[PDB]
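Presented below, as structure tokens, is a lone chain in the form deposited in one PDB entry.
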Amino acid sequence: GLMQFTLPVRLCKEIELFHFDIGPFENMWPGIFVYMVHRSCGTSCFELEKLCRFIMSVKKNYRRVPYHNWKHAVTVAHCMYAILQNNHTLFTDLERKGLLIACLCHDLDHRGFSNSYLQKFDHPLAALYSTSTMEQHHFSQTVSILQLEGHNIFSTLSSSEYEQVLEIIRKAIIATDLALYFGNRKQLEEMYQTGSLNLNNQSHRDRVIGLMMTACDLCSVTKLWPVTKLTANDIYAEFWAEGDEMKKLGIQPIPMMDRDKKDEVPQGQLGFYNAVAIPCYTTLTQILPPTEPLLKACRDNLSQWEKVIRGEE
């Protein structure tokens, strides 16, 4: 009741910034997440006992893969926390509750392989879910954990509030399928520019929350250069293992996944920053101006990748 989570001073101040790194001490990540729910939502949003039991079951259903792991989950939630705290008055009580949970849960039981590899391997999940294969699985794992005894953090919601929060989480998690991002951003670009964009239109909120989910998901490109660069090593460690597996099925992987194109990594980052990251944070900054520090940070890491190509590192 009268129990606030607090953080040491450097974390208490830096967690409020977009570029915060949750650090290498795993055992502090649950408390960092609770701290963020408390300040973003309130000490009354969730019963502490249920929340803690929920957090630990979520942690236990993330696997020890190089990138799509528990650290990524808390990282993506911290970015959402930053967006929600800098746009306080734009979001409902249900959205605040639902979106940090969605971020923690958005990659549950990831195996380090893309939807494409699941479809080429012919994995059972690819028969159950023809599109956004892993993302329907992640939402499925979230509902499972919510239904374990002592884990219903939403137990105090009405029947219809419950259904609205699970529907926010489902759409938030689906939107993390980057195949969906391009069209979603295009539509938001056009609606913003013709001034049709309308935050009372629920289908418009849906798209804006979807672009926030892509922004939070890609936030490794918005960190200090040493964090960005070392995270890229984890990202490629998965993609190259996927490349190896593709070759094992008798298939040339795409260049992104072929460890024989290690030398081309700087140029692949440029493409990625130009085709995905920069457009993502641009459109987000237009729609929510106080998210601009993500665009500024993204542009700085693009310069760092340009510097790498030029031999300046």
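Numbering starts at 1 and runs along the sequence shown. Take the two forms, superpose them, and find the largest set of C-alpha atoms that agree within 1.5 Å; that set is the rigid core.
Annotation for 71 to 79 versus 139 to 147: the higher mean temperature factor (C-alpha) is found in 139 to 147. Looking at 189 to 197 and 103 to 111 together, the entry lists the larger mean B-factor for 189 to 197, computed on C-alpha atoms. Taking only the listed residues 58, 278, 65, 251, the entry reports the highest CA temperature factor at 251. Split the chain's modelled residues into thirds by C-alpha temperature factor. Residue 31 is in the middle one. Compared with the other modelled residues of the chain, the Cα B-factor recorded for residue 223 ranks in the lowest third. The entry lists a Cα temperature factor for residue 289 that places it in the highest third of the chain's modelled residues. Compared with the other modelled residues of the chain, the Cα B-factor recorded for residue 204 ranks in the highest third.
The deposited CA B-factor of residue 268 belongs to the middle third of values across its chain.
FYI, the form deposited in another entry isn't displayed, but the following is about it.
With the core held fixed, the Cα of residue 274 is displaced between the shown form and the other one by less than 2 Å. Core-superposed comparison between the shown form and the other one: CA of residue 56 displaced by less than 2 Å.
Superposition on the rigid core between the shown form and the other one places the CA atom of residue 23 2 Å or more away from its counterpart.
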